[PDB]
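Working notes, structure below.
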2 protein chains.
Amino acid sequence: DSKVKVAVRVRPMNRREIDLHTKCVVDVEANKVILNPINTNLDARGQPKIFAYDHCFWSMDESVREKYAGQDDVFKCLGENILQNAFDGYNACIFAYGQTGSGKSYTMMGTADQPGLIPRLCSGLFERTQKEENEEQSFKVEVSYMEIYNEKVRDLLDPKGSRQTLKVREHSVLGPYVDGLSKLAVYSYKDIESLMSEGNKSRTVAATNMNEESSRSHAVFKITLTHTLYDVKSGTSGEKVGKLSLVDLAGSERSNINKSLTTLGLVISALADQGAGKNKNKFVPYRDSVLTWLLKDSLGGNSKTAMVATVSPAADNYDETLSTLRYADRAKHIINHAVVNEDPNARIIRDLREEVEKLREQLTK
Amino acid sequence: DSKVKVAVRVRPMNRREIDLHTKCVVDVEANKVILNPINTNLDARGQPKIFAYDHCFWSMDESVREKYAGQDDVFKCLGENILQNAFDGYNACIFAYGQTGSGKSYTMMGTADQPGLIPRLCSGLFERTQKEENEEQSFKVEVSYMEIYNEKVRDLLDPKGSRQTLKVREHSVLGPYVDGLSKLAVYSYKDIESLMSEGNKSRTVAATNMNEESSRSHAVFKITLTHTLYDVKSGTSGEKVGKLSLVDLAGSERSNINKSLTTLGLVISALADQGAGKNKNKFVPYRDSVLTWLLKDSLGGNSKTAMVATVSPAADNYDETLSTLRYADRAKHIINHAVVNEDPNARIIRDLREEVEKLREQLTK
Ligand SMILES: Nc1ncnc2c1ncn2[C@@H]1O[C@H](COP(=O)(O)OP(=O)(O)O)[C@@H](O)[C@H]1O
Ligand SMILES: Nc1ncnc2c1ncn2[C@@H]1O[C@H](COP(=O)(O)OP(=O)(O)O)[C@@H](O)[C@H]1O
Ligand SMILES: [Mg+2]
Ligand SMILES: [Mg+2]
């Protein structure tokens, strides 16, 4: 049904890079990222490398106004389509990918000063449900917020704070799920903000003494939007469910602390190959890690998915940037199979009524 | 499908009645209530009047142990069947009826020292969902808590506390409902207790200066139990919904402050008549008051309903007791039509598959 949408975001030079006048090797021109060489005297390897994507966000300098992508520009190019996907009854996923320090969290959650995709999405969601609820349609919103570290799943909304690990299980009806994960109804922005906030503090309390290892953890924020449509002249109603998954991955740079990230690289490569008609018979190793298992639908399954690859423009990060740019490039060839999530009984009934009519007129003979 | 179940509960003498050695005119023998005369010299009107009910709770004296019904006895004879009705996917209603001071609130909600039907029901509900959840079945619980006074509906769980009044509307899919009423998910006893508690304080803050008028208000506490059954070998699932309505009516004794109570008396009388085959063509005046409108299903509709008629045993209350005893008597002839509340599409599909098979073998000719 659709291809994975890919955006790249170039963060500003950090404070060390400004002190040192570190050179910028990343240029953005419309939807092209140009990775310029570090070693300017080479006949290959010292040439610019040019990549094309669905979206490019140059976020290097607030001053350059004809070029700079702030937080709301990201939201208007990526967030709004994803919110519309959920309101249409599709599962939708945005995940941020890139080396530690390149801007994954700033993009997904942002700061109190510069809220990112998740709080903007939350606000717009409740704005829209408030404006569209009436006697033909109602809405229910649920939230889950989990962390994956060292292949163990924790509930960031846990009431206790034991930080105990949750089993991941397969279910013929639900699919892969986290057995025990809180799923909480929310009724306004402020409900979902208080959950966002408790989960973010549990991400940061998990990072107090283990700062190097908090760059190795994945965070998944999940909104379930249940749209009820009332067929008022037939006295019936039905549900369409869209699930919004906002994913803040572990740092992509160089025991099984990285099993999920590695497995994700494999999953992306296999799905990209398959989109280009290679290795069509090779099964995708979703099952080999907790993260790719839990998010199997988001990549090559029943989901409308966008990737925000985040990169440093600094010469010192060239190799990690190239690799991020290459994965994003592969990712834009992944074919997804998003369908509207409504009850199958209605289609079964329509088909059966059609078969009844076919039989009835066959009987006329 | 079922008749309205009726219990009577006889409260103990209050402090004034003990001071004055007020005589007891109510006796209980098995399921019979005997209303003995006040004027002992009369040839009718000064004879005992004997009524039979489904249950009789003599709650006059904790000391008499072979006879006394405490709060858990009430819950085991009435609460447990109602909880089982909800778990089976029926709507279920308990309402308390009787003069001010006779024990309606003590029976429905009780005191911190003697919790009544509602907290006991809540606790047992979450006990049962915790023990029965597994991979074939999950549960969702929602609560609403409203007050009706002078034909106006207020939300006892309102976050603001404006005490603003809510419109009651008709809906072809939902039925009569309160437009704007909070309906909140709860996940443990303590969630639903904090809501119970905020609602009870909003009942009592509404009674600070208006104590005589708080005896004129109705309170409705509503739990929605959504039972999901997972058909794991077919990869499908479905919902059964039971709604639990616990109703604490206004005082039954002698402008439209009493419109709902009067209309309820009419509704009970018409439905009792109809059960005994009288006035079969006379429509029941559900629509003439907010309370009977909102609870139309509980009386003569899709509900398993029990009435707790509460009475004073004191001679001074004879006339009000007789009238309470008479309404309870009428109420036990009300026929209800409770069905299991599941999705109708499954029956439509079964019938259509049967029709397909009938046609297919007719075609063999
Ligand atoms: N586009 C941006 N604009 C301004 N500041 C940014 C941007 N991206 C990142 N930062 C800052 O850089 C720091 C590291 O970014 P962060 O999002 O934590 O990276 P990651 O989560 O990928 O490790 C943060 O303090 C953030 O405020
Ligand atoms: N069965 C009972 N046992 C002990 N005390 C009771 C009983 N019924 C009522 N009471 C007490 O009598 C008082 C009035 O009862 P209440 O339930 O408020 O009556 P109502 O709600 O019908 O006006 C309460 O303070 C309650 O504690
Ligand atoms: Mg981060
Ligand atoms: Mg009361």
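Identifiers for the structure tokens are assigned positionally: chains receive A, B, ... in sequence, residues are indexed from 1 per chain, and ligands are indexed from 1 in the order shown.
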
Within 12 Å of residue 334 in chain B using only C-alpha atoms, minus same-chain residues under 3 positions, as a ChimeraX atom specification: /B:1-6,267-277,298-301,303-307,327-331,337

Using only C-alpha atoms, what table do you get, as a Markdown table, when you list each residue of chain B with an atom no more than 10 Å from chain A, its nearest pair of atoms, and their distance in Å rounded to one decimal, rows by chain then rising number?
| residue | atom | partner | partner_atom | distance |
| --- | --- | --- | --- | --- |
| B:135 | CA | A:171 | CA | 7.8 |
| B:136 | CA | A:173 | CA | 9.6 |
| B:171 | CA | A:135 | CA | 7.8 |
| B:172 | CA | A:235 | CA | 5.2 |
| B:173 | CA | A:235 | CA | 4.7 |
| B:174 | CA | A:235 | CA | 8.5 |
| B:175 | CA | A:235 | CA | 9.7 |
| B:179 | CA | A:135 | CA | 9.8 |
| B:182 | CA | A:187 | CA | 9.5 |
| B:183 | CA | A:187 | CA | 9.6 |
| B:184 | CA | A:185 | CA | 7.9 |
| B:185 | CA | A:185 | CA | 6.3 |
| B:186 | CA | A:185 | CA | 8.8 |
| B:187 | CA | A:184 | CA | 8.6 |
| B:230 | CA | A:173 | CA | 6.8 |
| B:231 | CA | A:173 | CA | 7.7 |
| B:232 | CA | A:172 | CA | 5.7 |
| B:233 | CA | A:172 | CA | 7.3 |
| B:234 | CA | A:172 | CA | 8.1 |
| B:235 | CA | A:173 | CA | 4.7 |
| B:236 | CA | A:173 | CA | 5.7 |
| B:237 | CA | A:173 | CA | 7.0 |
| B:238 | CA | A:343 | CA | 9.7 |
| B:343 | CA | A:238 | CA | 9.7 |
| B:344 | CA | A:236 | CA | 9.2 |
| B:345 | CA | A:345 | CA | 6.5 |
| B:346 | CA | A:345 | CA | 7.5 |
| B:348 | CA | A:349 | CA | 7.5 |
| B:349 | CA | A:349 | CA | 6.0 |
| B:350 | CA | A:349 | CA | 9.7 |
| B:352 | CA | A:352 | CA | 6.4 |
| B:353 | CA | A:352 | CA | 7.2 |
| B:355 | CA | A:356 | CA | 7.4 |
| B:356 | CA | A:356 | CA | 5.9 |
| B:357 | CA | A:356 | CA | 9.6 |
| B:359 | CA | A:359 | CA | 6.5 |
| B:360 | CA | A:359 | CA | 7.2 |
| B:362 | CA | A:363 | CA | 7.8 |
| B:363 | CA | A:363 | CA | 6.0 |
| B:364 | CA | A:363 | CA | 9.6 |
| B:365 | CA | A:363 | CA | 9.7 |

Which residues sit within 7 Å of ligand 4, counting only C-alpha atoms and all ligand atoms, listed as number ranges by chain? B: 100, 104-105, 215

Report as JSON lines: every residue of chain A with an atom at most 10 Å from ligand 3, its closest pair of atoms, and their distance in Å to one decimal, counting only C-alpha atoms and all ligand atoms, with rows sorted by chain and ascending residue number.
{"residue": "A:96", "atom": "CA", "partner": "ligand 3", "partner_atom_place_in_ligand_line": "1 (Mg)", "distance": 9.7}
{"residue": "A:98", "atom": "CA", "partner": "ligand 3", "partner_atom_place_in_ligand_line": "1 (Mg)", "distance": 9.9}
{"residue": "A:99", "atom": "CA", "partner": "ligand 3", "partner_atom_place_in_ligand_line": "1 (Mg)", "distance": 9.5}
{"residue": "A:100", "atom": "CA", "partner": "ligand 3", "partner_atom_place_in_ligand_line": "1 (Mg)", "distance": 6.9}
{"residue": "A:101", "atom": "CA", "partner": "ligand 3", "partner_atom_place_in_ligand_line": "1 (Mg)", "distance": 7.1}
{"residue": "A:102", "atom": "CA", "partner": "ligand 3", "partner_atom_place_in_ligand_line": "1 (Mg)", "distance": 8.6}
{"residue": "A:103", "atom": "CA", "partner": "ligand 3", "partner_atom_place_in_ligand_line": "1 (Mg)", "distance": 7.1}
{"residue": "A:104", "atom": "CA", "partner": "ligand 3", "partner_atom_place_in_ligand_line": "1 (Mg)", "distance": 5.7}
{"residue": "A:105", "atom": "CA", "partner": "ligand 3", "partner_atom_place_in_ligand_line": "1 (Mg)", "distance": 4.2}
{"residue": "A:106", "atom": "CA", "partner": "ligand 3", "partner_atom_place_in_ligand_line": "1 (Mg)", "distance": 7.2}
{"residue": "A:107", "atom": "CA", "partner": "ligand 3", "partner_atom_place_in_ligand_line": "1 (Mg)", "distance": 9.2}
{"residue": "A:108", "atom": "CA", "partner": "ligand 3", "partner_atom_place_in_ligand_line": "1 (Mg)", "distance": 8.9}
{"residue": "A:109", "atom": "CA", "partner": "ligand 3", "partner_atom_place_in_ligand_line": "1 (Mg)", "distance": 9.0}
{"residue": "A:110", "atom": "CA", "partner": "ligand 3", "partner_atom_place_in_ligand_line": "1 (Mg)", "distance": 9.5}
{"residue": "A:203", "atom": "CA", "partner": "ligand 3", "partner_atom_place_in_ligand_line": "1 (Mg)", "distance": 9.6}
{"residue": "A:214", "atom": "CA", "partner": "ligand 3", "partner_atom_place_in_ligand_line": "1 (Mg)", "distance": 7.9}
{"residue": "A:215", "atom": "CA", "partner": "ligand 3", "partner_atom_place_in_ligand_line": "1 (Mg)", "distance": 6.4}
{"residue": "A:216", "atom": "CA", "partner": "ligand 3", "partner_atom_place_in_ligand_line": "1 (Mg)", "distance": 9.2}
{"residue": "A:217", "atom": "CA", "partner": "ligand 3", "partner_atom_place_in_ligand_line": "1 (Mg)", "distance": 8.7}
{"residue": "A:218", "atom": "CA", "partner": "ligand 3", "partner_atom_place_in_ligand_line": "1 (Mg)", "distance": 8.9}
{"residue": "A:219", "atom": "CA", "partner": "ligand 3", "partner_atom_place_in_ligand_line": "1 (Mg)", "distance": 9.0}
{"residue": "A:248", "atom": "CA", "partner": "ligand 3", "partner_atom_place_in_ligand_line": "1 (Mg)", "distance": 7.1}
{"residue": "A:249", "atom": "CA", "partner": "ligand 3", "partner_atom_place_in_ligand_line": "1 (Mg)", "distance": 7.9}
{"residue": "A:250", "atom": "CA", "partner": "ligand 3", "partner_atom_place_in_ligand_line": "1 (Mg)", "distance": 7.6}
{"residue": "A:251", "atom": "CA", "partner": "ligand 3", "partner_atom_place_in_ligand_line": "1 (Mg)", "distance": 7.9}

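Among the candidate residues A:115, A:89, A:180, A:70, the one lying nearest to ligand 1 is A:70, with distances computed using only C-alpha atoms and all ligand atoms.
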
Close residues, residue 145 in chain B itself excluded, 9 Å, only C-alpha atoms, min 2 positions apart in chain, as a PDB file with N, CA, C and O atoms, in the first residue's frame:
ATOM      1  N   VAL B 143     -16.512   4.072  34.879  1.00  0.00           N
ATOM      2  CA  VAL B 143     -17.414   4.542  35.921  1.00  0.00           C
ATOM      3  C   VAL B 143     -17.938   5.924  35.573  1.00  0.00           C
ATOM      4  O   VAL B 143     -17.237   6.744  34.965  1.00  0.00           O
ATOM      5  N   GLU B 147     -25.802  13.015  39.787  1.00  0.00           N
ATOM      6  CA  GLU B 147     -26.876  13.373  40.701  1.00  0.00           C
ATOM      7  C   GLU B 147     -27.999  14.050  39.937  1.00  0.00           C
ATOM      8  O   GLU B 147     -27.756  14.858  39.038  1.00  0.00           O
ATOM      9  N   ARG B 154     -26.330  16.586  37.268  1.00  0.00           N
ATOM     10  CA  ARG B 154     -24.980  17.044  37.548  1.00  0.00           C
ATOM     11  C   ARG B 154     -24.027  15.857  37.548  1.00  0.00           C
ATOM     12  O   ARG B 154     -24.414  14.729  37.881  1.00  0.00           O
ATOM     13  N   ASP B 155     -22.770  16.135  37.202  1.00  0.00           N
ATOM     14  CA  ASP B 155     -21.714  15.127  37.145  1.00  0.00           C
ATOM     15  C   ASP B 155     -20.935  15.160  38.459  1.00  0.00           C
ATOM     16  O   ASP B 155     -20.208  16.121  38.735  1.00  0.00           O
ATOM     17  N   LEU B 156     -21.064  14.103  39.257  1.00  0.00           N
ATOM     18  CA  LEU B 156     -20.401  14.092  40.551  1.00  0.00           C
ATOM     19  C   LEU B 156     -18.898  13.872  40.434  1.00  0.00           C
ATOM     20  O   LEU B 156     -18.183  14.082  41.416  1.00  0.00           O
ATOM     21  N   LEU B 157     -18.408  13.467  39.267  1.00  0.00           N
ATOM     22  CA  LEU B 157     -16.982  13.318  39.013  1.00  0.00           C
ATOM     23  C   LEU B 157     -16.392  14.504  38.257  1.00  0.00           C
ATOM     24  O   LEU B 157     -15.263  14.410  37.780  1.00  0.00           O
ATOM     25  N   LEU B 181     -21.441  13.734  30.355  1.00  0.00           N
ATOM     26  CA  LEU B 181     -21.175  13.070  31.621  1.00  0.00           C
ATOM     27  C   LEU B 181     -19.829  12.364  31.561  1.00  0.00           C
ATOM     28  O   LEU B 181     -19.559  11.634  30.608  1.00  0.00           O
ATOM     29  N   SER B 182     -18.970  12.594  32.563  1.00  0.00           N
ATOM     30  CA  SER B 182     -17.675  11.906  32.601  1.00  0.00           C
ATOM     31  C   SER B 182     -17.870  10.392  32.656  1.00  0.00           C
ATOM     32  O   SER B 182     -18.723   9.887  33.392  1.00  0.00           O
ATOM     33  N   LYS B 183     -17.087   9.673  31.863  1.00  0.00           N
ATOM     34  CA  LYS B 183     -17.055   8.218  31.902  1.00  0.00           C
ATOM     35  C   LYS B 183     -15.583   7.846  31.925  1.00  0.00           C
ATOM     36  O   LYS B 183     -14.871   8.071  30.940  1.00  0.00           O
ATOM     37  N   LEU B 195     -12.699   7.894  42.841  1.00  0.00           N
ATOM     38  CA  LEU B 195     -13.864   8.500  42.185  1.00  0.00           C
ATOM     39  C   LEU B 195     -15.107   8.473  43.085  1.00  0.00           C
ATOM     40  O   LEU B 195     -15.808   9.484  43.213  1.00  0.00           O
ATOM     41  N   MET B 196     -15.437   7.308  43.651  1.00  0.00           N
ATOM     42  CA  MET B 196     -16.464   7.195  44.686  1.00  0.00           C
ATOM     43  C   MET B 196     -16.349   8.324  45.703  1.00  0.00           C
ATOM     44  O   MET B 196     -17.335   8.983  46.045  1.00  0.00           O
ATOM     45  N   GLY B 199     -17.008  11.888  44.306  1.00  0.00           N
ATOM     46  CA  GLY B 199     -18.437  12.014  44.074  1.00  0.00           C
ATOM     47  C   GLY B 199     -19.239  12.141  45.359  1.00  0.00           C
ATOM     48  O   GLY B 199     -20.203  12.911  45.426  1.00  0.00           O
ATOM     49  N   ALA B 219     -29.104   9.704  43.201  1.00  0.00           N
ATOM     50  CA  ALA B 219     -27.709   9.498  42.844  1.00  0.00           C
ATOM     51  C   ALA B 219     -27.611   8.191  42.078  1.00  0.00           C
ATOM     52  O   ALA B 219     -28.238   7.197  42.459  1.00  0.00           O
ATOM     53  N   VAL B 220     -26.875   8.210  40.971  1.00  0.00           N
ATOM     54  CA  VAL B 220     -26.726   7.041  40.112  1.00  0.00           C
ATOM     55  C   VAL B 220     -25.233   6.811  39.889  1.00  0.00           C
ATOM     56  O   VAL B 220     -24.540   7.693  39.357  1.00  0.00           O
ATOM     57  N   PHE B 221     -24.746   5.639  40.320  1.00  0.00           N
ATOM     58  CA  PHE B 221     -23.368   5.195  40.177  1.00  0.00           C
ATOM     59  C   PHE B 221     -23.352   4.059  39.157  1.00  0.00           C
ATOM     60  O   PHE B 221     -24.062   3.065  39.323  1.00  0.00           O
ATOM     61  N   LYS B 222     -22.567   4.211  38.096  1.00  0.00           N
ATOM     62  CA  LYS B 222     -22.689   3.352  36.922  1.00  0.00           C
ATOM     63  C   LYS B 222     -21.319   2.804  36.545  1.00  0.00           C
ATOM     64  O   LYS B 222     -20.407   3.575  36.243  1.00  0.00           O
ATOM     65  N   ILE B 223     -21.187   1.480  36.579  1.00  0.00           N
ATOM     66  CA  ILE B 223     -19.991   0.758  36.144  1.00  0.00           C
ATOM     67  C   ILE B 223     -20.285   0.076  34.817  1.00  0.00           C
ATOM     68  O   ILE B 223     -21.273  -0.650  34.693  1.00  0.00           O
TER      69      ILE B 223
END

Could you state the separation of CA of residue 342 in chain B and CA of residue 286 in chain B in Å, given to one decimal place?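 We find that CA of residue 342 in chain B and CA of residue 286 in chain B lie 25.3 Å from each other.
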
Write out as a PyMOL selection string the set of residues from range 19-77 of chain A that DSSP, computed on the backbone, places in alpha helix (DSSP H). chain A and resi 19+71-74

From a backbone DSSP assignment, name each residue in range 19-232 of chain A labelled strand (DSSP E), as a PyMOL selection string. chain A and resi 26-29+32-35+49-52+55-58+92-97+137-149+152-155+165-166+168-169+177-178+184-186+218-231

Pick from A:169, A:49, A:254, A:190: nearest to residue 293 in chain A, with only C-alpha atoms counted? A:169

Quick one: of B:225, B:112, B:38, B:50, who's nearest to ligand 2, counting only C-alpha atoms and all ligand atoms?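 With only C-alpha atoms and all ligand atoms as the atom set, the closest residue is B:112.
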
Just the residues within 12 Å of residue 240 in chain B, please, counting only C-alpha atoms, with nothing from its chain fewer than 3 positions along; format it as a list in words. residues 85, 86, 87, 88, 89, 90, 91, 137, 138, 139, 140, 224, 225, 226, 227, 228, 229, 230, 237, 243, 339, 340, 341, 342, 343 and 344 of chain B

Between CA of residue 127 in chain A and CA of residue 204 in chain A, distance in Å (one decimal):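 Pair CA of residue 127 in chain A / CA of residue 204 in chain A returns 29.1 Å.
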
For residue 151 in chain A, list every protein, DNA or RNA residue within 8 Å, evaluated using only C-alpha atoms, and leave out those in the same chain fewer than 6 positions away; present the list as number ranges by chain. A: 256-257, 259-260, 289-291
